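> This one is an experimental structure. Sequence first:
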There are 4 protein chains.
Amino acid sequence: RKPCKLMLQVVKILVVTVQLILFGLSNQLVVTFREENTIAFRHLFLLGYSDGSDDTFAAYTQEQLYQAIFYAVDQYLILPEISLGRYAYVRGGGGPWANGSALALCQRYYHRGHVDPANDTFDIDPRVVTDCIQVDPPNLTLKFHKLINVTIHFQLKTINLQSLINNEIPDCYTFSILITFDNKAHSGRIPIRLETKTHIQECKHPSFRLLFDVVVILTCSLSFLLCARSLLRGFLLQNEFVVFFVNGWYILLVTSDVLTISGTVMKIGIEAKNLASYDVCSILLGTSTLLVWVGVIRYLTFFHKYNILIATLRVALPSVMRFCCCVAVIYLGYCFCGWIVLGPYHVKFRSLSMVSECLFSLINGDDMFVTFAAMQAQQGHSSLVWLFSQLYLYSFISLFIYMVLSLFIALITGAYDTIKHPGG
Amino acid sequence: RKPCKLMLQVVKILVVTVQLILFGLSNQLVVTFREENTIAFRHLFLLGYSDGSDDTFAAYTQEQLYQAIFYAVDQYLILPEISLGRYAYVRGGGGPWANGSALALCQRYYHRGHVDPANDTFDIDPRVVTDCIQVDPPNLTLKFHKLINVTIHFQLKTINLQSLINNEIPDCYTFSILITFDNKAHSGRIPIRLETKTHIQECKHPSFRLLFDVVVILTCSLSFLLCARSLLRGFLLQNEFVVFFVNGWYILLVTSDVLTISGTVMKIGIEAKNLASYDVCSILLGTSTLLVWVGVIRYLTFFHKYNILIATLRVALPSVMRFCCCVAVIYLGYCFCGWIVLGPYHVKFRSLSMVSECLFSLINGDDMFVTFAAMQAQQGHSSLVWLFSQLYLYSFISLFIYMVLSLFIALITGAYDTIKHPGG
Amino acid sequence: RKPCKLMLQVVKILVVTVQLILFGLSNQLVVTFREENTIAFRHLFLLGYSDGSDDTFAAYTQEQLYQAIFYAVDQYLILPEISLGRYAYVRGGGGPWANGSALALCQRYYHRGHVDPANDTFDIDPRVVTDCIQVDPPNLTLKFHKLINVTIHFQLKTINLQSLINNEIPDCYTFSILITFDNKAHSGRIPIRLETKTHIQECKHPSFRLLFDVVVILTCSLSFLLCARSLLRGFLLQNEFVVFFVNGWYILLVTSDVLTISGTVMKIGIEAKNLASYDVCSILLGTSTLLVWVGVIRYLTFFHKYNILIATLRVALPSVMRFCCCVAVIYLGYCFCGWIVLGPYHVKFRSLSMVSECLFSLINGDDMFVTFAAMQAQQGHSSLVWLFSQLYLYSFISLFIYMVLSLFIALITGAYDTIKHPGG
Amino acid sequence: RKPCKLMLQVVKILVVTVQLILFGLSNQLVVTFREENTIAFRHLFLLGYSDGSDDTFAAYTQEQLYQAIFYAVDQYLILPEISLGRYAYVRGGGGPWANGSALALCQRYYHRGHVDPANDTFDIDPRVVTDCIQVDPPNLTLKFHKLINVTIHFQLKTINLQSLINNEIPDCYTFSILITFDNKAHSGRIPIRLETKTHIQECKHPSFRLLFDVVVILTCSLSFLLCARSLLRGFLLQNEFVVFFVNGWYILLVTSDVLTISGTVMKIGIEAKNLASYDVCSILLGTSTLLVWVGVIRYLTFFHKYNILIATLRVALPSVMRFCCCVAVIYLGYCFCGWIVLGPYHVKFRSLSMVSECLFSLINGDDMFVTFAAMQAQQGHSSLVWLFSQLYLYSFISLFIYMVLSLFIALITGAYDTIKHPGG
């Protein structure tokens, strides 16, 4: 009834997230289309690039430098002669206007640029001039002292004909293309990178799954209304309680409403400005479904046979939070120590990100023989540091390894005490 | 006696699985022959391929494309001139009939194929035409817009002379060979792959181990009859119980009968249609032997000294199943969250398979510094997602890491309570 | 008040270590400048080198040998013709004086060197002669029997112009450069290595963040004085106690004073002789901040709600130390066994360092499938050793894996006993 | 006194194993000399080989095949022209006599060899003829159908001059050299391998560390006599006990005597037939030192403060052994299942060795994301097997992961019961 409505919401959002996962399978075939094309154009425009080169597809020779510039130049020259896909290029100007290239060799470098490190002097008008060469579909050089970044933009149209095997009418992708020689460091290591976007549109010459999605949206709307009614019942009970864990009979419903509104927003409203907002709204729906599973397990406990494990979660977080505070203090201190130490020798130490990176290497064991090994293998320097690195790292290792089972089993015996009360 | 018959079945299936493992050692030398030949023909027919290329042995140049086509063409040309093995090719037609090639350059591509993405149009008779060129042992081109898949089939005969070192008469392998340029994506990334089968037959000019296997089969038949008699005794006891864990005094015997019938079926009956059915029946025999070990440990407990550990398994699954339900709900929710999130950036996220892939990375530590590292290293995009990815992944990490020791030690103290009852 | 002063010290050193982490972010951008340049010159001077070559960028051909010598020779020849950076080279002699090169082809090899292994004889004046060729910015051979080591030194000046994007005036780096062909083994495997240092100086033509750092230093001085006053109070209490854990109300303050003096020394006094002393003093500040977090957690426990977890650490170390002694005895014995065994086959066994390396492979799981796998894969030798290696390694594996949870959960139940006393 | 003699034995074997570790450091520098030379000759004789090639340095082309043969041929031709070491070759015949080569191109292939797989026939006199070409220091072909294995033997002398930096007189190594093209499979994948030994001898023109080792040996002899006296005391106590854990007051002494006799045997007696017997005797000494640490910890417990942890080991093995029997039954069954399953798709499944390989992947986490990942990535076949592989592997994973903490914490609470008795 009313719990039949709740379980209907459970299966209904379950089917809606099944439709989400269906949307995911379809868009995932599509994004496989994306990635196929992505590595594709990487081959395609790419000159001298390699598999795995994304770590280091970067230049030393200026003759190297212009080499790739021309290489892409010819690629734009001769793509229809050469490829295996079917790219199409109509006018499509950017990113600065005027007019349409479609290959725009863009170059930004500073407007005032006197630079003589031999006299130890420089005079820089840090305003940057960008010269662009428009390249009509059927050579010029830049100062290496002068450079900031060099850009090729170009876009190619195609139709995902593989959607016939998905029984669908094919769609039109337009992959926009920014190849970049980049020297923001200005250090000599000119990284090249190809980035791309794509517009998906329907064919020029041209919905039951979409109707089923719309019906799912309407069902989600009815479910959110049911959540609103249940919350009004809970609020009337709260007004009676004021006048007179399990944690989520309200709150999970509110999260579900957030997910449902997110899905509605993803279907239509922000769906005319979709892509990233669609991704984030999927981000919302996931927690909704996670709550869907969780409260499904709560309600489908049916007391779980007396819910001993349900109550087991209860007492410990009362200790576990302060213990969490303490251990996190330990974690942050270890993090500060990393923020100090790793600069002398580390790739795994690179930023506060990499500091977070060390922390999994705490709890997990993947990086220890990696890192604690190889740093001991000593790229190294300044052998007191080589002592001190062992001094730090072995010290970091043992502490949580002992004490964390201490915390978990301490609250374990805490729940053992919660089973000392609770096993009777 | 009767338990001597059971232990005789234990050692008898133990010897039969020793014979299975013997069959495994022999077939494993053989399948090493398979794999040796497999990498072999991969070298052999393969042109431009590499070690490790199986990740990416795929094409960009159409001139690349025909290059490999010709490369294999010459390989079929000149194998006896060139090789280190001894391949033999007699008529052997396929896969479509008429007649015998033995090198069949097969090409499938659609029968109606107007495709112009520049006008945003296409007219496809999705019926596919396949042209095949038969290549008699002692060049033509395909439309790149037009292609679907391109196939070379060829088969080579040889005799595993290395079986003389196994003291056996050598056998005849016929490796059938499908090299394929594949463009089912039609995206430009034409993967090539060589797949092969082989027929093993006896020599044209031509059994005590086979007799010992047959005797093992007869012994397995006697053991299954003993299991049938013991089950009739148990069923008469059940009829007396109706008229009036340890779990497997029947059920393990029934599994053993399944394994024994599977082995009998693998020896003879489906042995005239063997290979995969033989593999699956080995799949059966393994669980039989696993049960063989397990019930061996049960019976050879001899009460295990009072079987405290035997009874230890008893009480906990009563809690552990519902707890398993709960944690699996947690697992499935995390899985849905993966099914959402990873599409923006992941190889480890690729499908529900890869979703299962994340789960070991939960319990194990191999992938954390891998994945939680490198995704943080941010191929990335849309930096709110870069926040949110950390937001998801660190969140996924801690939860089971805490609570799973909670579950295990909660049932641990549960068995501690089962030892609180049971340690006295 | 006085605890407001302590928390002000907590936030004050917190901000000072925030300034440390700020100094770290700034110097880390700089050291990224270092590493960018480092891989740079590695490309730059490097001839025939590769990515990943640092494992094996070493020679076999003498024609190989001179090849790289000339390769660097031309690099010094033609750097301004070729590069992407802006290197500058003024006189700058070294490492022996007289005068200035700036490219010094240095070669050391023994002064008396009769070596005939065919007669099994050698007469070596182990004094070494070093010939050096000074190479003025705009070929000679060495005996391969005769060689000891061959060295190129050269230094290049540049200005880190990328600091304009950090809104700073750019600085002058001078990268000093030692490329070395090294044959101290004299075995034929001539490793080459490029090592570099750099002097950072201000520009020739030329401080509020520095003033804020100085104010932070003065605040640290006031905090150390507050620590000195609190220690005088504690010492007067100790004099009253003599006349009549929590562990760090003194000791953490003393560590903080050490860190504060270290930071003061890093700011000014040893700051005229900085780099490694600066690194070590950062080494000091880290433990200070770690203590900062820890005692922050102590004081901000506020009894932690009765500090059950604080007292939890108390009783166990009384057992844990002797248990630690015992397990470490186990560890050292395993270490001796490694020191024996691995010489026949191991890279992971290389030294007492690598012995420490095995120990993480104990507690962690990263190397097991690596090492216990691949050594079983048997580079190997002397198959009794192949048995014995399994005999050792599987033996090493299980012992701690069982017993260490034994120790941790034994003190776990010890703290369970400490919660048996302490859960009431 | 007498315990001073025992602790003197502890420190004395400690110093003797320090001398063992010293011998290890010295021989390890030497074996580094070995490995340096090993990769050396691998470069040296090796033609077309690569770094990492040891996985796959194997042939396809017969023109490839002879290519390397000649390549080594010229290497023997022109080593003194080319190298960086100092190799010396005097007569040194082998492995068959008559006379001295020193480069012996040896080829074994069967004496009767009619092989026609096209007629499905073969007539093999499995006696093998070996033709050898002696190559005097300053081309012929083999049937590819006919081949079995092809061998080059050659030996080079040199003096480890790097021992002058160890302050020692240098020694004479003679590296004997077997390069082998091997086709025992006869499948076409002719693996090449270079194996080498070396004789270490003193110089032709020519001991306080050796005297200190001899004194250590005499001290070990006195310690073994003390162990014999203590065992005679224990045996007289046993004779009084018959007439009327801690486990190793005898037994550790007996192990120590075994180690001491092993060291004495390694010093002199079998030291005229040393190398592998020396390795094995080091194998003995290690367990001696391990016992040295262990009983050191026993005696230096001094009751360990009441030896609660010493007694903690006591009760549990009484359960742990039968539990170990049970879990090992589980392990063996999983092992049989592997022995079945992996043949269809695995490198990690290769033999009972690799079966042991899976087991660490059980307890450790290194291989899970590796193997359970990549096998799911499906080289694969026969998709019911693809289901069944997941069916097996996920099943293998969870079982020990749950139950093993069950066993450890079950005996943990067992020792908790042993601390329930033992914490009072």
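All right, it came through fine. Residues are numbered from 1 along each chain as shown, chains lettered A, B, ... in the order given.

> which parts of chain A sit against chain D?
Residues of chain A lying close to chain D (CB under 8 Å from any CB of the partner chain) are A:364-366. From N, CA and C alone the C-beta is placed, and that goes for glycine too.

> With adjacent residues omitted, what lies nearest to residue A:46?
The shortest distance from residue A:46 to any non-neighbouring residue, by CB to CB, 6 or more residues apart in numbering or on different chains, is to residue A:194 (6.4 Å).

> buried set for the one helix or strand that neighbour maps to?
According to DSSP states H and E, residue A:194 maps onto strand A:190-201. Using 16 or more other CB atoms under 10 Å in any protein chain shown as the test for burial, strand A:190-201 gives A:190, A:192, A:194, A:196, A:198.

> I'd like to know how far the last one sits from chain C.
Going back to what we said before, that points to residue A:198. Applying CB to the nearest CB, to the nearest Å, the value for residue A:198 to chain C is 31 Å.

> What of the first one?
If you measure residue A:190 against chain C using CB to the nearest CB, the figure is 6 Å.

> re earlier: for chain B, tell me which of the residues of chain A next to chain D show up nearby.
By CB under 8 Å from any CB, the members of the residues of chain A next to chain D lying near chain B are A:364-366.

> Smallest gap between the stretch 51-200 of chain A and chain B, at which residue?
Per CB to the nearest CB, the residue of the stretch 51-200 of chain A with the smallest distance to chain B is residue A:84, at 3.6 Å.

> Pull the distance from the host helix or strand of residue A:237 to the chain's centre.
Under the criterion of DSSP H and E, residue A:237 resides in helix A:208-243. The chain centroid and the centroid of helix A:208-243 are separated by 31 Å, computed with CA atoms, centre = their mean, to the nearest Å.

> What segments of chain A are strands?
Per DSSP state E, chain A carries strands over the ranges A:58-59, A:103-110, A:114-116, A:121-123, A:128-135, A:149-159, A:172-182, A:190-201.

> So is the second one next to chain C?
No - remark: strand A:103-110 sits outside contact range of chain C, by CB under 8 Å from any CB, the gap being at least 8.9 Å.

> One more: the first one?
Yes - contact between strand A:58-59 and chain C is present through residue A:59 (criterion: CB under 8 Å from any CB).

> Name the strands paired with that strand and say parallel or antiparallel.
Sheet pairing of strand A:58-59 (DSSP bridges) gives strand A:190-201 (antiparallel).

> Can you list the neighbours in contact with the partner strand?
A:30, A:34, A:37-38, A:41-42, A:45-46, A:49, A:57-59, A:65, A:68, A:147, A:171-183, C:84 (CB atoms under 8 Å, 6 or more residues apart in numbering or on different chains).

> Return the distance of the closest residue to the residue of the stretch 51-200 of chain A closest to chain B other than its chain neighbours relative to residue B:55.
Distances taken as CB to CB, 6+ apart place residue B:188 nearest to residue A:84, at 3.6 Å, with adjacent residues excluded. As judged by CB to CB, to the nearest Å, residue B:188 and residue B:55 stand 17 Å apart.

> Between the two, tell me which one has more neighbours.
The residue with more neighbours, out of residue B:188 and residue B:55, is residue B:188; 24 against 8, by other CB atoms under 10 Å in any protein chain shown.

> And the more buried one, how far from residue B:128?
From residue B:188 to residue B:128 the distance is 19 Å (CB to CB).

> Residue A:259 too?
For residue A:259 relative to residue B:128 (CB to CB), the value is 44 Å.

> Please say which of the two ends up with more neighbours.
A count of neighbours by other CB under 10 Å puts residue A:259 above the other of residue A:259 and residue B:128, at 28 against 14.

> Does that one touch residue A:282 like I think?
No - counting by CB atoms under 8 Å, residue A:259 does not reach residue A:282; the two are 9.7 Å apart.

> Return the residue of chain A that is most distant from the centre.
In chain A, the residue that sits farthest from the middle, by CA atoms, centre = their mean, is residue A:244; the gap is 49.3 Å.

> Skipping adjacent residues, who's closest to residue A:118 in space?
Leaving aside its sequence neighbours, residue A:118 sits nearest to residue C:88 (CB to CB, 6+ apart; 4.1 Å).

> The longest helix along chain A and chain B in contact?
Identified as the longest helix of chain A according to DSSP state H is helix A:2-44. Yes - Helix A:2-44 lies within reach of chain B by CB under 8 Å from any CB, at A:17, A:20-21, A:24, A:27-28, A:31, A:33, A:36-37, A:39-40, A:43-44.

> Just the buried subset of the residues you listed, please.
Burial by neighbour count, 16+ other CB under 10 Å: within the residues of helix A:2-44 next to chain B this picks out A:17, A:20-21, A:24, A:27-28, A:33, A:36-37, A:39-40, A:43-44.

> how deep is the closest residue to residue A:163 other than its chain neighbours tucked in, by neighbour count?
Once flanking residues are discounted, residue A:163 sits nearest to residue A:170: 4.6 Å by CB to CB, 6+ apart. Per other CB under 10 Å, the neighbour tally for residue A:170 reads 20.

> ok, residue A:170 touching residue A:161?
Yes - using CB under 8 Å, residue A:170 makes contact with residue A:161 at a distance of 4.8 Å.

> Identify the contacts common to those two.
Common contacts of residue A:170 and residue A:161 (CB under 8 Å, 6+ apart): residue B:122.

> Can you tell me the closest non-neighbouring residue to whichever residue of the stretch 251-400 of chain A sits closest to chain D?
Of all residues in the stretch 251-400 of chain A, residue A:365 sits closest to chain D, at 6.0 Å by CB to the nearest CB. Leaving aside its sequence neighbours, residue A:365 sits nearest to residue C:364 (CB to CB, 6+ apart; 2.9 Å).

> Quick check: that neighbour vs residue A:355, distance?
Distance from residue C:364 to residue A:355, by CB to CB: 19 Å.
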